[PDB]
Amino acid sequence: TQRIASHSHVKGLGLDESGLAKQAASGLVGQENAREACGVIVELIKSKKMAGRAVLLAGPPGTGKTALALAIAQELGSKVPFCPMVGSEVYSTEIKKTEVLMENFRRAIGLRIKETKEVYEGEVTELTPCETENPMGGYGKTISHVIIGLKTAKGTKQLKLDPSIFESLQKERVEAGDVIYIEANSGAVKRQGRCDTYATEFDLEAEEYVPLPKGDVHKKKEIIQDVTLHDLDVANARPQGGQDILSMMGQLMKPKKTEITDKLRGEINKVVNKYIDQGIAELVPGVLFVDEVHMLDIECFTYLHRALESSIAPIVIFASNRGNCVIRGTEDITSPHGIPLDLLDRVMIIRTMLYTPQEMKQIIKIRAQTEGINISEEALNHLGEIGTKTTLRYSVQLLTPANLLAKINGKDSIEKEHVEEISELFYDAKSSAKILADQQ
Amino acid sequence: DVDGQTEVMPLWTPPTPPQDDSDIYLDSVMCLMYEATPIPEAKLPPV
Amino acid sequence: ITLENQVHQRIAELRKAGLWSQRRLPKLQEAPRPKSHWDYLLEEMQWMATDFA
Amino acid sequence: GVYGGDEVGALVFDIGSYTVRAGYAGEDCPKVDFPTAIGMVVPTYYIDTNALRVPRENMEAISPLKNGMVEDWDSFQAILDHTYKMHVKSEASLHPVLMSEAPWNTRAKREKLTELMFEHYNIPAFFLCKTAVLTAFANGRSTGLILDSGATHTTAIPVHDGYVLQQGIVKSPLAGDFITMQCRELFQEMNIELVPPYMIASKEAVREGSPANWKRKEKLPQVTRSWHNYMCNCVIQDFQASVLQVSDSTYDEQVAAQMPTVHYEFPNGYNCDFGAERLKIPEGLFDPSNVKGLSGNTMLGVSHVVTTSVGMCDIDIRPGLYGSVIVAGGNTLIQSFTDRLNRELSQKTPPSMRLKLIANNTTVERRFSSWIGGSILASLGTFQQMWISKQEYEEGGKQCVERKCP
Amino acid sequence: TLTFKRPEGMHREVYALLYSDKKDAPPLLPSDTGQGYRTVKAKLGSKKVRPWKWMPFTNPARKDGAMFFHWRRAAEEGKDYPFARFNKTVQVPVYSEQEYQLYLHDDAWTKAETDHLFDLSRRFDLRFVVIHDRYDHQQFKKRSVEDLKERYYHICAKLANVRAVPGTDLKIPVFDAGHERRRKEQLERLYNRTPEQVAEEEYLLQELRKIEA
Amino acid sequence: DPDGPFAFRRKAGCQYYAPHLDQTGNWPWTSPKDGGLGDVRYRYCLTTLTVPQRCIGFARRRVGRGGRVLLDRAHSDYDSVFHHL
């Protein structure tokens, strides 16, 4: 089976068609107001009209604010990009902090390129030149066409090509029985190999007797590939051409990250707009999720002031649990959520609440179902009491050890005795901290 | 087709003689005017 | 609308006369029979006629 | 398990008034097809076209058949001897024979035929089947109405489960011979002297409607009137096959006159373009009441023959008859015969019954359906118990054919 | 491995006995040498045919023991003919003259008529239309209908079955001849309608169709 | 007597076949379910061969004389579409 993670039970926000929140749906329970707000945010993202609008998820630890951001990802599907990052990831040794943020801003903007081409392929059979003697003058022998006959699986057809193909034709070194590839706009020939009909208990060739292709001799191919703007920046910044010595020199010296200039960003935006206008590309603006945003420096926040005001920027989701805490990079400046007030004015704040014991019990039952665990009612009630006493996440963590303990004892379900034993083998942070006074 | 439900192409073979006995004979001409199977107990008259 | 009762009345006359084809009597089921030699011969005849054509 | 068919070395003979069809079972067409009419000199017999068409003194021309049944057994025996010697080219004691017979053949002729084949030719096995059943079998049908328009008769024969329903048969004499007589009357009306090919030594081309320019052979022997009439009818049959055409709807003279003409050249070089008269002549098959000099309005058209035959059958099988109308015979090969028949039957069949004519319009399928059905039947492995054996004949005599060949 | 297609996305199929249309393409026959003889020269050359022979055979379910000839492999000479397994006979009852005295002739039938009926039933496998066609109406009067023969065959079979079995009861061989007679009479009365009456029925059915919906 | 003499007076122990009222019947062959019994041995269906010759259109499988298995074929107006489909 697939491995079970902390947020694997989350499948969506569980909202009505009207956008109101069900009490329990899609793996989430409670946080109805926050989930309704997240519903509004997914509608905002799907509208694709807005750039740089930002959201802060704020509340105590364990209130599922990380889960709501992942629920937003599930509602949007795999088409829309969703870039998760931690605030501590900006501290790179290779590039400056503001470059890391801009790389992740661009990673969240997607692009579907839908280029089309039409081709001809199959086994060559003719290599037949036409002839008309003279080019209306003093003459030897003139061809005026080249007849090329292809057959692959469905049938056979003859093509009277331009005579100019002949140079490229022996440049590719084709002969009868080979199989080729020719593109319609350019007429550029490419040799793929020769058919498997001259194979099957011959073998011994590096070219491979490539099999006789399936389908019609004439094909129209529609290729769709998904790509981010950061991928375009990285690809266009480098000299990838192997024919230059400095490219293969790049192999030995380390290919570190580099601080991409705004000129390249502008040119890539220009060509992307040209592709969009001409109809070859479709833009898919996405989401950047910055959890543990309090770890960022004052420089990072002050750069985000400009970055969020851009017309190119994606929707950004921040998450924090700090109270009135000192801003990193400052000496003594306190602010709510460990974030400056100037950035806090630029975000819409979604509050998350502490859970009731019934909600804790319901979440514990959901996690037990997700982990493939059968738990009795009294065991579930005792585990909910433990979660009320210590923490939801701690009580959730005790399910799998208790199930293992029951399996060791031959039983198929968790009773109260197993959770009681596990709660004394393992300790929570508060109980251990009280013990630290005893053991200094 | 759909989620499975595979079919095998029929083969017209010679009459392949019988084993044991069964109600095999069917008057194809009578099927031009009447159904192939008898009416169930939805017959309206009691008797 | 007034001729609806007339339409019902004329249909009743046809039913009494036995001319209403929707009220045909059903075919009595005779005793079932296993297929005989001649039936298999006719099946083989159909098969061979298709082969010939 | 089992296998498919089985081939047993059988022969199939289908003898009509116009031609004799014969061959080996398992083949899809008759091997040979030569005229049934033969010469007699008195007796010495001349059979097949190469010997028949040569003029000869005092040679009469006859047929062995009358009303689809054998009358002259010596001529029939001569035809069979010729077929075995010159065409089949094999000894008769080795090959089973399946023979076609008329639907209305009497018992005595069946007994006489069985006695002939077993005692004279010493064949090892014999079977006798009717034309309609084999015509149905050639099209893969066990039930259906056979419409056979040959030379002598136009007959509707209902068939059900491989058996002819004899009480549903309707015979009419309006067939190819009647059409030949009407063509003779037409040429007499047009003052067209008909010269058969044997009298012509040479000819010269002439204009439309002008007198012929031809030289008569001087070395001819004096020939009987029967052979001369047969030779003339051979010309008129080509005229039938070429020129005649059935009207798609009921004949109107003003509509047929506007149709394009058809050119025909006679053997002596006389030629003319034929107009509405080529469509007026075959209309008598469908509406004989308007025919000139015909004996009374009592006789039936082809469509009325079909409907009368179907109506004389049991009500349960009439859907199966109208749902398979199998048209057969050489006289049905006149142009637009089948379309006219289909339209007329559609106008007369009840709407509750679906009408379906079998697609059969080729010379081979129309003329040789009975032979093809005989070959099919003799090729079945299930059929091989149904032969009358020589032992069965010697034990039970010639009467066993009534029990074994219904 | 090998695919045939009956798609929902196009949704059509055709049926035919011999062929659908004169424009139908010819069938595809098996062949080994389609790719040339040199492609398969070793495969054929590494094998030798089993001999065949033109040979006598017996028992197609014949009573006379006559031996006909056919082509089969020479190793298969003494095998019984496969097609004899098709020789299935209809189970028509038989009776003696003593037993006929309780199949008593109704003062309408005779012993000769009943024997003629059962002979035709045995010969034609209870195809009662064919038996009716072949019935000797001249010697035994116009019985006709097919129901008066079906019902007498079936009552004789019911009485015979009741005699010979120590105890039973029988449902479906209770032949209701009057129902069949009325059915065929109704079918005949519908058959002989003129086209105006059929048009009248169509008009009335269309009126019911339009007024009920 | 609504139906006159032709009322369906049932008899005990008998079984009955209903008539075709909505659509006229037809044979087992040349006859889909839109008209008659569709015995599948007479049915042609789209078919594809492992040798690269494509969809051959509508076809049945039939055993011929000699034990040889053949493929019948039926004309369609969309055969040009079934080819390069």
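(A) Examining the overall build of chain A more closely. For chain A, the helix and strand inventory stands at 15 helices and 19 strands. Rg of the C-alpha trace for chain A: 32 Å, well past the compact-globule value of 22 Å for 440 residues, more than 25% over. Taking the principal axes of the C-alpha coordinates as reference, chain A spans close to 110 × 60 × 50 Å. Residues classed as buried in chain A amount to 39% of the 440 residues present. If you sum the accessible surface of chain A, you get close to 25,600 Å²; carbon and sulfur atoms cover 51% of it. Within chain A, the 62 negative side-chain charges are centred at a point lying 3 Å from the centre of the 54 positive side-chain charges.

(B) Examining helix 1 (residues 32-47) of chain A more closely. All names here are of chain A. With 16 residues, helix 1 should reach 22 Å at 1.5 Å per residue; the first-to-last C-alpha distance of 23 Å fits that figure. Looking at helix 1, one finds that the buried residues are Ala-34, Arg-35, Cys-38, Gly-39, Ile-41, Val-42 and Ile-45. Taken around the axis of helix 1, the buried residues stretch over an arc of 165°, which confines them to a single face. Residues of helix 1 that are exposed and angled more than 90 degrees away from the buried face: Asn-33, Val-40 and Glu-43. The first or second residue beyond helix 1 is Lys-48, which carries a positive phi of 65°.

(C) Expanded view of the nonpolar core. Counting 160 residues, the largest nonpolar core has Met-99, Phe-187, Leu-377 and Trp-387 of chain D as its most contacted members. The dominant element in this core, judged by the number of residues it contributes, is helix 2 (residues 37-52) of chain C, at nine residues. Discounting residues that sit within four places of it in the chain, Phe-187 of chain D has contacts with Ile-192, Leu-194, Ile-236, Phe-239, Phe-266 and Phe-274 of chain D. Residues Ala-54, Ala-58, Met-85 and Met-102 of chain A belong to the second largest nonpolar core, which totals 29 residues.

(D) Representation of the domain arrangement of chain A. Partitioning chain A into domains gives domain 1 (1-107 + 236-354), domain 2 (108-235) and domain 3 (355-438). Measuring from the centre of the C-alpha atoms in domain 2 of chain A to the corresponding centre in domain 3 of chain A gives 66 Å.

(E) Just empty space enclosed by the protein, in detail. Reported here for the largest cavity is a volume of approximately 80 Å³. Forming the walls of the largest cavity are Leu-32 and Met-33 of chain B, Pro-319, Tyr-322, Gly-323, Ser-352, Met-353 and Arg-354 of chain D together with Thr-24, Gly-25, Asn-26 and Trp-27 of chain F. Residues that form the lining of the largest cavity fall into these classes: six nonpolar, five polar and one charged. Surrounding the second largest cavity, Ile-148, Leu-150, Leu-159, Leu-161, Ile-165, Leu-169, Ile-180, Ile-182 and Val-189 of chain A form its lining.

Conventions adopted
Residues numbered from 1 in each chain as written, not as in the entry; some residues may be left out. Chains lettered and ligands numbered in written order. Part of a larger assembly, values for the part shown. Heavy atoms only, no water. Residues with missing side-chain atoms left out of burial classes, pairs and counts. Helix = DSSP H or I, 4+ residues; strand = E, 2+ residues; numbered from the N terminus. Rg over C-alpha atoms; globule rule 2.2 N^0.38 Å. Buried < 20%, exposed > 50% of the residue type's maximum accessible area, 1.4 Å probe, protein only. Areas by Shrake-Rupley, 256 points an atom, 1.4 Å probe, with all protein chains shown as cover. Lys, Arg positive; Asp, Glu negative; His and termini not counted. Charge placed at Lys NZ, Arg CZ, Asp CG, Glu CD. Expected span 1.5 Å × (residues − 1). Arc of directions from axis to C-beta. Core = buried A, V, L, I, M, F, W, Y, C linked by side-chain atoms within 4.5 Å. Contact = heavy atoms within 4.5 Å. Domains from an automatic or database assignment. 1 Å grid on protein atoms, 1.4 Å probe; cavity = no way out; pocket = protein on both sides within 12 Å on 5 of 7 lines; lining within 4 Å. Points joined across faces, edges and corners; volume = space filled by probe spheres on them. Nonpolar A, V, L, I, M, F, W, Y, C, P; charged D, E, K, R; others polar.

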